[PDB]
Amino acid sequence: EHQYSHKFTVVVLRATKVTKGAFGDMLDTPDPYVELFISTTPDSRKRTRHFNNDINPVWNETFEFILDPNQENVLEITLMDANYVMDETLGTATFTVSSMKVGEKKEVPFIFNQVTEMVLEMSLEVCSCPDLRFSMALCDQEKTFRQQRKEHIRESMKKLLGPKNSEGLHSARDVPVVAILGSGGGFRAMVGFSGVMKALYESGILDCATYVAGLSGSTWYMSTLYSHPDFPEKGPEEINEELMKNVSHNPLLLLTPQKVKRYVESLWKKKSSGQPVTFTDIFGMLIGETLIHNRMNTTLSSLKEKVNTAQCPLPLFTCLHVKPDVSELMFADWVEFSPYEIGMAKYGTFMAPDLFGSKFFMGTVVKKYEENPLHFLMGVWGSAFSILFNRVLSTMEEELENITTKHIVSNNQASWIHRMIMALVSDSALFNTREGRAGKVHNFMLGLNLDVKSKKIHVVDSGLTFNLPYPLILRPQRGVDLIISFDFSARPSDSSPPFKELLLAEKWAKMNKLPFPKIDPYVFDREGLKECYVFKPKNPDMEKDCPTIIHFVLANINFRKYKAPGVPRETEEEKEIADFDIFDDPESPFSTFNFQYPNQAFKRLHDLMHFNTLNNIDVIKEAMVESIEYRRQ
């Protein structure tokens, strides 16, 4: 629908003869303040400031309200006397807005106790366009990003493919849209993806990408990379050295009574403003302090600085919106995040990043808070660790398959920390230790013209459904044709087939009628464990030109014998550092739950994915070429 909502303004000018009686006044000269309330609109309770011992107060304060016309909107007015114990209500006055007409700017007089007089000004304009953007199309800033990055791709794609295989581009109308995908998976996903980005960076591959999407763990690296002050001038090369030094010290050791106390103190500001706080806020802060302690106040919006002239691929992040009823998560809605916006592309509903968290009503923001810090989003994107934080202090994948929707929404020496944190939280009343650990936010869908009936909503780690952020780039309007995915999902063993998540994404796609190349149910049987697989579309053309997927998987294969793509390991020492398993080892630093990565562990997983990416450039160069020739039809 449209909206047809009203903006009912109210000015509390002043009052005369504020009294409690001759006796009452002798005991306490009135300290007046007015309070307004409208039961038919989200959090309408508002109050003027009080005036110490004033019987003839002049407030002159303006209050705005967004009203639904199909409602009996009654403005309750209350004259109060601020006290040390319990403010006393001197008089209640009612006022129906209906008795007024749009544009009418009257001025009603109110009398309490037949003595005191108070003057209020009423207004009733027409609420303009919503703050919510209702469209399936990309937003102007994304469209401009594409158009401005287009020629950068073409140029870069030529330098990579060479003049020989880059023929089709010199006359190419539109170059191919390449999307890089990082999977979730804690610090394993984070350190892994960092090696991947170093490779994609130095090899010129990044320069051909239009998007970089991530979820859970990959997201933490993207946040760290894109928020770095020297990025893109400086690249993964230097930034990863920092990542290494930052992750070498156990993050859990950071959680100290003193530091936790700071976290709670800082968060109280957000709480105080009227936003809900949860364990995810705390987790978010911890992740923030370990990864971006020198830039804790970076927001999602501040990333616009690395994409203003399309000098980087557009960063995309995701989480899920879990309705209270929905029992199966494969049915939850995905929420996309980019420096330009946040929203649910299924229902064409978006908003600027700085509004995610604010209070809405009928598509109009009623109360706007300061934009959430990026570490909060980081927390939300990887909230699986906040739900199972006890554990972080039996694989996480195992603990996950059990968890129920109910369990996440509405409902050892390191264990002392968990108690200490919970103790500090209840002691300060930050939030009820029994409520949801998942992440909460005001419902921006609240009371929409035509889930719009529930004050807050649950947002959680997308990894709860599947580990690959496909919904982010399968969005029709993005027209991605080449998807270069990187999977760091945990497997029962290094020999275990790596298509669990992929098949799940494939099922999601079909479920939502979105183009997805057919993943042959015997790819592994016939292929065996490989560093990456390719999944071309299909001969037929039902709704053809569906993307081609290059699926990289976390596996230590050729890296065991080679230091670089065509360079073999020669010294006994070289063979040693590469001699390791990811999931096969019992004492492996690469389990999802682990956060302390000593330098050797970091280098291994980092260099591994670095090598694997580089050891397969040719496969990508090929898929692009094939993508170009497909863009010739």
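Residues carry their position along the shown sequence, with the first being 1.
The modelled chain breaks between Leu450 and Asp451, where 10 or more residues of the deposited sequence lack coordinates. Missing coordinates between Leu514 and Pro515 amount to none of the deposited residues, so the segment is unbroken. For the pair 33 to 41 and 570 to 578, the record assigns the higher mean C-alpha temperature factor to 570 to 578.
Two stretches are in play, 226 to 234 and 534 to 542, and the higher mean C-alpha B-factor belongs to 534 to 542.
When the C-alpha B-factors of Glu371, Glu399, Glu265, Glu336 are ranked from the entry, the top spot goes to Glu399. Comparing the C-alpha B-factors of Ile457, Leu243, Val74, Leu286 in the entry, the top value falls on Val74. The entry lists a Cα temperature factor for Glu142 that places it in the lowest third of the chain's modelled residues. Among all modelled residues in its chain, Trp416 ranks in the middle third by Cα B-factor. In the PDB entry, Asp461 places in the lowest third of its chain by CA B-factor. Per the deposited record, the Cα B-factor of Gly204 falls in the middle third when ranked against the other modelled residues of its chain. Ranked by Cα temperature factor within the chain, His610 sits in the lowest third according to the deposited record.
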